[PDB]
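One structure is given below, encoded as structure tokens.
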Number of protein chains: 2
Amino acid sequence: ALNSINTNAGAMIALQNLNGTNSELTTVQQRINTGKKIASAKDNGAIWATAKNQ
Amino acid sequence: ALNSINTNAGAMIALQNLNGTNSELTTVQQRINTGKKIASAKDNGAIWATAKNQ
């Protein structure tokens with residue numbers, strides 16, 4: 001209602017965007033730590049399985 | 001009879017208007033206290049029920 005005292009969507013949307021940025025940061029940090037894109041089975045199942053067997 | 005000693009309608013009508021103002025004041029104060037228009041089931045049955053279930 002532009003003056004509500006119980007809720008505000010601006011904080012919710014700011015939180016959502018911050019969480020998205022944190023997730024991307026986590027992915028990049030994992031890449032830097034392990035030194036490779038496909039490190040686990042979550043990154044890419046097909047390529048990870050192929051590399052293990054090879 | 002413009003000079004009656006038993007009754008006067010001016011006081012009655014002044015009382016009625018004062019009571020109406022008091023009722024409106026009560027409604028506004030309730031809105032300020034709870035911070036919302038539809039707070040109870042008396043304000044609006046349909047919207048209150050919808051909000052509860054949602």
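Chains: A, B, ... in order of the structure tokens. Residues: from 1 per chain. Ligands: from 1, in order shown.
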May I have the residues of chain B within 10 Å of chain A, counting only C-alpha atoms, written as JSON, numbers by chain? {"B": [34, 35, 36]}
Just to be explicit: take each residue in the selection above, keep C-alpha atoms, and write the result as a compact mmCIF listing (two decimals), in the first residue's frame.
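That gives us result.txt:
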# COMPACT_ATOMS: atom_id res chain seq x y z
CA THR B 34 -3.17 -3.06 14.06
CA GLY B 35 -1.62 -1.44 10.99
CA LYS B 36 -4.16 -2.88 8.55
Every residue of chain B that DSSP places in helix (DSSP H, G or I), as a PyMOL selection string: chain B and resi 9-34+45-53
Top pick for closest residue to residue A:38, considering A:11, A:52, A:20, A:26 and counting only C-alpha atoms: A:52
Residues within 12 Å of residue A:49, please, as JSON, numbers by chain. Count only C-alpha atoms; anything in the same chain fewer than 6 positions from it doesn't count. {"A": [38, 39, 40, 41, 42, 43]}
